[PDB]
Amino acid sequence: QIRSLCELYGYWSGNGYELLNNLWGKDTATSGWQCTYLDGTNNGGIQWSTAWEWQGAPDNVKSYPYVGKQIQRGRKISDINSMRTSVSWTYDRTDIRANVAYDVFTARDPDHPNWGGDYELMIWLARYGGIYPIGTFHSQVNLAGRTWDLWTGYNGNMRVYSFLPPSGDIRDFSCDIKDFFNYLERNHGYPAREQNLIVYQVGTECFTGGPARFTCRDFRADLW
């Protein structure tokens, strides 16, 4: 690896991307740790991985290490035409409580900190070990060439929309996240004209299990 980010909130940035050893829930663990590795920045993308083992509090996320596309504050979702992104990944085992997911926060306050927002949009590409997203099942949705189970609920005051695969995982994926926002704007009254983009990330939420290793073979993200 080019860089090993094994410290709590170990951080790298470059080429308009960033990487964080985001162990935000680790104090709920009874044992374990996690490191995030920058493997490459080849071909306009990021190659990275994270290794971990966690015990304790099986409904509590211990971490969400991520790669993020850096964005400028004050961009209304309605004024973003496209958020094209692709990811290729593997997990070395699936007998773990973990997901792989895109995470996007938006807020009416354009200076909202990056830990949250008014709304969260997640696109889950894996759902291992019997975990649940925030909230309850809402409906099925056709987007990005697939069928999704949409779940909705609240994390504090933040409304969370999570799009889940009905079956299996999706280890090679590409989409335009604006298709997901546009669907929410039309059918869920999502206030895109007053919401600013806060973060644009992909990573893995880790609850319990391991030793496990997530490899992101390639990540690319743009927005226009």
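One-based numbering along the sequence shown.
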Worksheet, complete the sentence: The stretch carrying the higher mean Cα B factor in the deposited entry, 40 to 48 or 190 to 198, is 40 to 48
Worksheet entry | Higher-B stretch (mean Cα B-factor, as the entry records it), 199 to 207 or 13 to 21 | 13 to 21
Worksheet, complete the sentence: Of the residues 162, 34, 182, 155, the one whose Cα carries the largest B-factor in the deposited record is 155
Response to the item:
Among the modelled residues of its chain, the C-alpha B-factor of residue 111 falls in the third labelled highest
Response to the item:
Tertile call for residue 171 (CA temperature factor, within chain, third-based) is the lowest
Worksheet item: Lowest, middle or highest third: where is residue 86 by Cα B-factor in its chain?
Response: middle
Worksheet, complete the sentence: The third of the chain into which the C-alpha temperature factor of residue 79 falls is the middle
Worksheet item: Thinking about Cα B factors across the chain, which third does residue 140 belong to?
Response: middle
